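Listed next as structure tokens: two forms of one protein chain, kept apart as structure 1 and structure 2.
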Structure 1
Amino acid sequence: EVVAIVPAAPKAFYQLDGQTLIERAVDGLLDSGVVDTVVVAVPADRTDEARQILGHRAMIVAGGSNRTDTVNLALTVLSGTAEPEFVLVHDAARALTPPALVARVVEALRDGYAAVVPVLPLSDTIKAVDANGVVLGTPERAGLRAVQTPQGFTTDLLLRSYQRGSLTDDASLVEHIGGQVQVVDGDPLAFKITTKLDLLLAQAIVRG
């Protein structure tokens, strides 16, 4: 079984052509055809708005304060008895994420990979820079990748990952507990909608 968690962490909840971004992300998930269930994971404060809108549709769980609290809590609920085989975690602001991408992630989990991110080559030269604005070096662009969501995991791994802490990107948790994570093509359409420019692009895209 496959369950996606869309954590609410305002932005995810802003409007885009008659739908909040998080509604669209959730739909992009359901329509992938490979996702059985979406939990929306929201802090207490936003449980009313989350219910009116995403009213199942999806499971709602609420809520910690941090993003990681609400993912943790959601992890707690996906539980044991009805525990799914795989769990995706998807950024609500990646509202235009293509279903194929989604399926491409699930297919890799189905193929043994316990952890999987969608990834794109970098379009700009990348430099490492210090606090005083001085270039520290220019790492090789090949070798480096930009990563998107949804990120997919065997739920056992992601549970474990999260439990470790204390002591953003979910895969970096896995990476921290020494899990190995694998890569699949992303899609520019899956950009995080963060700015007016972002929005502008999102707008132009939906009504094309």
Structure 2
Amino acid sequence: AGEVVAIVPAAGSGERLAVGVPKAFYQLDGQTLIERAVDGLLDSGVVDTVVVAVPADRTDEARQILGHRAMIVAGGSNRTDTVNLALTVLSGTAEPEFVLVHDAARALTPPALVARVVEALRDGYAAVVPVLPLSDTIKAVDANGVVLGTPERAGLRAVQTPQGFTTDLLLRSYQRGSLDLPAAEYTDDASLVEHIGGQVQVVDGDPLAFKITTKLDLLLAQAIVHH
């Protein structure tokens, strides 16, 4: 009731980064990505509690790293499962008014970004997403590699995290709101809210909140923090 709780999905293994360790636990200039992501949230001064979802076998390590500044839970076999499992913790009697979902991969997210997202929830917006103008040309491509069209670019945005929701809205969306289809039902949380007719609002993202995915992303991160 005024209170902001942040869910941090960090239960992925980071296939495309290929760094011997599951991505979130990769060390970058001393601090692991999970630690950086968590610090990023707390330093906004507007996050009351962090729930971090990590791989089942890394429960202890996470606790050692983060100490008292985040609750630990085991993640699932895809991002949706993980956010679902984390949502369990935020149930009944004493549920917070607001939830943030924040990718651990976006480990250089400025606290200023978190602040803006929360500011928008406090203004009455049920769902909030940080966004950036498009940098490359985007083409819709079918399954053969054939271009189906070049989407008109002005009404398009690249979306980031943390995404903010009123808890009850996010909860509905994940629960049965997943009628849908079999497994991994999306990396993007606002999608689920849209599936059930929720209205998602947009705020300025930040280039620093990019998702560390490939070695090339890692290099930019190293460059950003070593300076």
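So that the term is clear: the rigid core is the largest set of C-alpha atoms that superpose within 1.5 Å between two forms. Numbers given to residues start at 1 and step along the sequence of structure 1.
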item	value
Rigid-core fit between the two structures, the member of 173, 38, 181, 62 whose C-alpha shifts 2 angstroms or more	62
Core-aligned Cα shift of residue 113 between the two structures, given in Å	0.4
Between the two structures, C-alpha offset at residue 81 (rigid core aligned, Å)	2.5
